[PDB]
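Q: One structure is given below, represented as structure tokens, and several questions about it will come after.
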There are 2 protein chains.
Amino acid sequence: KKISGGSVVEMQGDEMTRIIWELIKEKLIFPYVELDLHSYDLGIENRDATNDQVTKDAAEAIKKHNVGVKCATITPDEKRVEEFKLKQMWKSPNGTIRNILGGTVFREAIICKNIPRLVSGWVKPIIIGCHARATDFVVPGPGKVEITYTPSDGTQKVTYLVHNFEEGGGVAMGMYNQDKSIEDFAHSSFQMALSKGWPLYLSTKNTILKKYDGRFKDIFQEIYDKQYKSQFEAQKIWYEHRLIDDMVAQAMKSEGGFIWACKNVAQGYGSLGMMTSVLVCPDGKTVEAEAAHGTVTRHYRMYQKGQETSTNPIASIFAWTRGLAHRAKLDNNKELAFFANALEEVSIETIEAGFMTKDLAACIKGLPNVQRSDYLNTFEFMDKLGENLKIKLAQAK
Amino acid sequence: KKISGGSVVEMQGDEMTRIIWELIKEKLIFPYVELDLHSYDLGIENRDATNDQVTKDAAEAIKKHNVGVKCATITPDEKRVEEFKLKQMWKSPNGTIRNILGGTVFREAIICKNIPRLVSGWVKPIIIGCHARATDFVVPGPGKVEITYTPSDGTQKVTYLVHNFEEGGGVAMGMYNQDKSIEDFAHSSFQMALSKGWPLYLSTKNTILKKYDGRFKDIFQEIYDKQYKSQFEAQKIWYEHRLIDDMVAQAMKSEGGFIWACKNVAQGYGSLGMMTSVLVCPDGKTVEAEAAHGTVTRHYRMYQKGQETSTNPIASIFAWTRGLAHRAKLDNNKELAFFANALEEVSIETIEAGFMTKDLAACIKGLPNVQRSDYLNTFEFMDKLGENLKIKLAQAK
Ligand SMILES: NC(=O)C1=CN([C@@H]2O[C@H](COP(=O)(O)OP(=O)(O)OC[C@H]3O[C@@H](n4cnc5c(N)ncnc54)[C@H](OP(=O)(O)O)[C@@H]3O)[C@@H](O)[C@H]2O)C=CC1
Ligand SMILES: NC(=O)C1=CN([C@@H]2O[C@H](COP(=O)(O)OP(=O)(O)OC[C@H]3O[C@@H](n4cnc5c(N)ncnc54)[C@H](OP(=O)(O)O)[C@@H]3O)[C@@H](O)[C@H]2O)C=CC1
């Protein structure tokens, strides 16, 4: 029956995912597990009427229960504020959500065999973490651009000279990082490895800045030897520092299945609707899993019309299965764990079953070469994911 | 016979390319064209004995005649200084060469059909330009990191605050660019398009820094409208600004054949011995064309042994054919132009002729799966490039 689910946060979405999000709850999640949900609407009007207050009210809950999940929501813009008669510009709910949570976002393609990739060789996805601003300016004429660090503890001020613009103008900037944040990035990176048991690779460009990587190279390595190395080395997982061209070579040469990292994003070898974006918290309890794509606006603007369209759920599903199978690690539950793990099967295997959406079929055959009988629509594809799931449960337990 | 060649600089190399460089001169270049060469040895001992003075003596010549070409040379390191009993550490000859020349380096894979790539769809190579240091530091404790720009013209000093480290430490940095350099990067980028008639794409990440791109986005656009736009638009070529994920998507979706650009490298879809790296000067006369790979040390260390090895010339060749076919644009020569253009055929077509080296066959079949009868060695492959060239001239003129 419905099975005991912990307390698993939710966040309602906007547009074509707010659709897709629902059929996932009602077909693919509710029937089977019973999670006690705290479901905090991020639907734009509610964010608009209640003026940002619901976003926080959720972001503080996810930190409490330790598992959130999120539909893709519309960051208002000029048009977005104006379309719905919104009463304000609303910074991206994530920027609200994330910075309340903290943490580091790991985007992970979910890889299917029949889906073409960038590397033909990748069996497992590379998970790409990235850390995360800065101040810059012009210098319209000659002068000394010299960054000046004044200590607040009272001692000798220490400054350096970045450059001297003598002929005319130029451009110049600062950047910074707090070791505090950097250290949350290691833990988010390390336990995202341990969550997946994958090898972690920090990457840097050493030559270009030495002390700067020299913290990032060390401040992980200062954590690895210190802590996770035991849980890494035994458990077969392990960490390695690396350099861009070094790995991004082997990253092209490998099967995948490692936790990348970087410093300052979509790109990807899969479609936008394949990418799953998990915000892992630095404490390792709390996991906020949203599909990486947008609200699939082109698809919805045709759904108003009732026109039959194809919007790929799998990223939205695998929000849940990163949330469900996380709660099960916090709860040491295998009734919740095995459910997702089998849902991720049924979700992916459905595409090895030939049942795909238009965006995937438009990956394979190309843009024109797809015909409506080459794929399944936004509603049809979802329905199979129930069909194969229950048939899977039929033979599972 | 030998045909009238202008004045085309040369630079001798080290190790396995200093080999490969020669057979290219003697088989593939000398017999056919007679260039009046100013050939300035960069062989390490000569750089070591004459203590950097020959590198400059060449770098000032290339700027004079306007066409250089360069074998791959060994930047000394600890081991490299010590191996040859070198009397000093020698900064990379390019850093000497380039900074004397100035300019911007455009690496270009030379693409063959039978050679696998990153994108299956690329018919033409993407040319990736990149502009080019900086000062960074730690901040061991609390304080104000505030970049401080003092004008030298005497007016109000203007500073900004990058961040305030309050709890403990962190890391922080400056960076800069002179509009002067940035403007050489446009011209190097623009005439590298016009040299090839390819569309140029600047790329930036706008959000992350606004005014900073705001120069780079403008300072090209300020040059395009100003000058090349006529020579671009008519002549069918054109410029477009772009953003990373925007193009690096379409860059995955395209045939290739555009001049990329970036801001702060090998990577690549071809082998290291396929990449050709052309340093284009901002004045558009002077072109310093080296193969992008190294001196192929693993191959040479086995060439001392006499062991029969495979070192792929094509990058070293296409140094010349970027130099030869450049001189012909400065000289409005079609006896020199058609030679290279036909050599690049014969060089690439040789690989469509199935004649390849081990590194390419090790691209296709994989590392183990290649057998010595799957490819041709360092000497054999070169020899065909004479065989097919002369047979090509037999039917050409
Ligand atoms: N917080 C979040 O998670 C994010 C939210 N957003 C929201 O989305 C809006 C902009 O995103 P949007 O323009 O939709 O970009 P998306 O890529 O999310 O979707 C719109 C376009 O991308 C393609 N696409 C994306 N996902 C799919 C899918 N699952 N199936 C088929 N096609 C897909 C579609 O191409 P085609 O239909 O031609 O196949 C469509 O033209 C913003 O207003 C923002 O609010 C955006 C990014 C992240
Ligand atoms: N200024 C320049 O142009 C540059 C010069 N260098 C010089 O080279 C040295 C380091 O480079 P290196 O270690 O040789 O790296 P390279 O990639 O240039 O060559 C060495 C290794 O790379 C592979 N490789 C590279 N080119 C080829 C080729 N044409 N055919 C087959 N294999 C190739 C080889 O693998 P395998 O043999 O297993 O196939 C070999 O193990 C430095 O000392 C430096 O002086 C380096 C970079 C740039």
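Order determines the names: the first chain of the structure tokens is A, the second B, and so forth; residues in each chain are numbered 1 upward, and ligands are numbered 1 upward as they are shown.
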Please extract the residues at most 9 Å from ligand 2, counting only C-alpha atoms and all ligand atoms, and provide them as a PyMOL selection string, using the chain letters and residue numbers of this document.
A: chain B and resi 14-17+70-77+80+92-95+271-274+277+290-300+309-316+357-360+362+367+378
Q: List as a list in words the protein and nucleic acid residues near residue 243 in chain A, meaning an atom at most 7 Å away when only C-alpha atoms are counted, but skip any in the same chain fewer than 6 places from it.
A: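 Those residues are residues 203, 204 and 205 of chain A.
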Q: Would you please work out which residue, of B:382, B:343, B:100, B:119, is nearest to chain A when using only C-alpha atoms?
A: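 For chain A, the nearest of the given residues is B:119.
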Q: Could you list, as a ChimeraX atom specification, every residue of chain A that has an atom within 7 Å of an atom of chain B, counting only C-alpha atoms?
A: /A:118-119,134-137,142-153,162-163,165,169-179,211-212,245,248-249,265-267
Q: Between A:121, A:13, A:31, A:323, which one has atoms that come closest to ligand 1, using only C-alpha atoms and all ligand atoms?
A: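 Ranked by minimum distance to ligand 1, first place goes to A:13.
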